[PDB]
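The sequence shown begins at 66 in the working numbering and counts up one residue at a time. Backbone N, C-alpha and C fix where the C-beta goes; we use that ideal spot for every residue, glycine too. Heads up, the thing below is written out as structure tokens.
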Amino acid sequence: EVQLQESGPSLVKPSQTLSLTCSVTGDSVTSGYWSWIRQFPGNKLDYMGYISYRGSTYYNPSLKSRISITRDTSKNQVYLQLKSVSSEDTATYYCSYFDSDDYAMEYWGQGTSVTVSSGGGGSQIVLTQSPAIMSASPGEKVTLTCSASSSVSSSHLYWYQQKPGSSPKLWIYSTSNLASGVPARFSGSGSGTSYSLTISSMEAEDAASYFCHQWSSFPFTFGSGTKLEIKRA
Ligand SMILES: CN[C@@H](C)Cc1ccccc1
Numbered sequence: 066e067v068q069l070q071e072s073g074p075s076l077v078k079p080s081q082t083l084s085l086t087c088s089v090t091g092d093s094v095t096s097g098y099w100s101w102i103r104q105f106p107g108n109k110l111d112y113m114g115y116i117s118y119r120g121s122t123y124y125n126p127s128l129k130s131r132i133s134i135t136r137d138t139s140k141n142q143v144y145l146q147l148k149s150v151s152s153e154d155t156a157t158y159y160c161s162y163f164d165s166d167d168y169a170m171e172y173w174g175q176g177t178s179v180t181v182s183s184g185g186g187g188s189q190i191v192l193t194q195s196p197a198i199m200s201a202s203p204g205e206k207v208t209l210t211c212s213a214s215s216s217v218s219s220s221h222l223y224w225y226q227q228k229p230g231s232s233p234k235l236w237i238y239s240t241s242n243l244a245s246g247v248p249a250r251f252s253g254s255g256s257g258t259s260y261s262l263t264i265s266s267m268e269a270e271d272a273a274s275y276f277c278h279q280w281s282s283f284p285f286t287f288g289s290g291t292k293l294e295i296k297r298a
């Protein structure tokens, strides 16, 4: 019902300005937010900011002065402008749509890679995921954990699954609710600063990366992730 597609240069010189476009297609919308999220090499996800249905914007303090998110409703597009880029801005950029009236769904674009040839100040909740890599035999009960540096509302603790060459997919919302498309063998639990995702019985198709995410406090943050691999070569 809602598809997003990012576009723009794949290479930019330092000090130059980065400009990306997100073309939105699908059914009409009566609310919601369009966010820009980037993933650095190593797979760390970074929440950049958003522009709402009413043009209200929020920018991650670490980008505040360099970023601008705008909209051109007549042509159903959202834009991202990041000034004075450096090698630290090399990453895959994704635009995403979310309707706070419906926590169970989130849509992500295909993402577009950008390689480069802190006025703000604030605070953020750090999400730790250990171990970073994990191997399990099919049939094993698997448990992945996520520890927040500060408390977060369980209603705002989400989990995403990502496989190489694909954008993150909403997996669990509000700590223990499975998203559409997720096998019931998955479950989640937790509260305060301690959360977990469990697979009753590891299946081959479950090998992928899993990231926890919190949008209880601004700026929203993502965990470093846990790469789950299967055993037996
Ligand atoms: C669940 N993922 C959040 C980034 C969706 C969102 C976007 C904008 C405002 C609030 C919430």
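With contact defined as three or more Cβ pairs closer than 8 Å, the region 148-159 and the region 207-221 are not in contact. Under the three-state reduction of DSSP, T177 is assigned to strand. At least one heavy atom of ligand 1 sits closer than 8 Å to the Cβ of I102. Residue burial is scored here from C-beta neighbours: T177 has at least 16 other C-beta atoms within 10 angstroms and is therefore classed as buried. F285 has its Cβ nearer than 8 Å to a heavy atom of ligand 1.
Only exposed fits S231, as fewer than 16 other CB atoms lie within 10 angstroms of its CB. Placement of the Cβ of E171 at a distance of less than 8 Å from at least one heavy atom of ligand 1 is found.
Nearest neighbour of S100 by Cα position, chosen from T193, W173, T291, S127, turns out to be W173. Comparing alpha-carbon positions, the option among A273, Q68, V94, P284 lying closest to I198 turns out to be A273.
Not one heavy atom of ligand 1 lies closer than 8 Å to the C-beta of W224. Taking every protein chain shown into account, the CB of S161 has 16 or more other CB atoms within 10 angstroms, so this residue is buried.
Between the alpha carbons of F287 and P126 lies a distance of about 15 Å. Residue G107 holds the alpha-carbon nearest to the alpha-carbon of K292 among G107, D111, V181, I102.
Counting the other Cβ atoms within 10 Å of the Cβ of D92 gives fewer than 16, which makes it exposed. Distances from the CB of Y115 to the heavy atoms of ligand 1 include at least one below 8 Å. DSSP, read as helix, strand or coil, puts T138 in helix. For secondary structure counted as the beta strand (DSSP E) over 3 or more consecutive residues, the region 181-262 holds these complete runs in sequence order: 198-201, 207-213, 222-227, 234-238, 251-256. Listed in chain order, the non-local C-beta contacts of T122 below 6 Å within the same chain comprise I116, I134, local neighbours out to five positions each way being set aside. Contact between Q279 and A213 holds, with the beta-carbon distance rounding to 6 Å and staying under 8 Å. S200 and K78 have their alpha carbons spaced roughly 39 Å apart.
The closest heavy atom of ligand 1 lies 8 Å or more from the beta carbon of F105. Pairing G187 with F283, the inter-Cα distance amounts to about 9 Å.
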